[PDB]
Amino acid sequence: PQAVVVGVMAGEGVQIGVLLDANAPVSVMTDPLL
Amino acid sequence: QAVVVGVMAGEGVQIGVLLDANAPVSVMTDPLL
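Residue numbers (the authors' numbering), protein chains in the order written: chain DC, 18 to 51; chain DB, 19 to 51.
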């Protein structure tokens with residue numbers, strides 16, 4: 018339960034699979050994710 | 019030479035740490051832990 022894998026959609030249509038931290042607040046991940 | 023980075027830990031707690039620029043990660047992940 019410490020992490021979750023999800024697909025992130027980006028510009029013009031690319032889908033990328035990523036393993037995210039399940040408990041950190043979302044605002045902390047958006048920058049490095051970009 | 020050195021660098022400072024935000025190290026995330028348990029339950030997502032944010033911590034700030036200073037690390038060497040040239041040493042490999044394997045020799046620093048242990049004392050950092």
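Even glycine gets a Cβ: it sits at the ideal position worked out from N, Cα and C.
Residues of the segment 26 to 51 of chain DB with a CB closer than 9 angstroms to any CB of chain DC: list them in chain order, please. Correct list: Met26, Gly28, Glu29, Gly30, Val31 and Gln32.
Tell whether a beta-carbon distance below 8 angstroms holds between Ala20/DC and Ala39/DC. Position 3 of the first sequence, counting from 1, holds the residue named residue 20/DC. Position 22 of the first sequence, counting from 1, holds the residue named residue 39/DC. A distance below 8 angstroms separates the beta carbons of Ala20/DC and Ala39/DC.
Thinking C-alpha only, which one of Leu51/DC, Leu50/DC and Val45/DC is nearest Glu29/DB? Position 11 of the second sequence, counted from the first residue, corresponds to residue 29/DB. For the residues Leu51/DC, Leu50/DC and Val45/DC, the minimum Cα distance to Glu29/DB belongs to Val45/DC.
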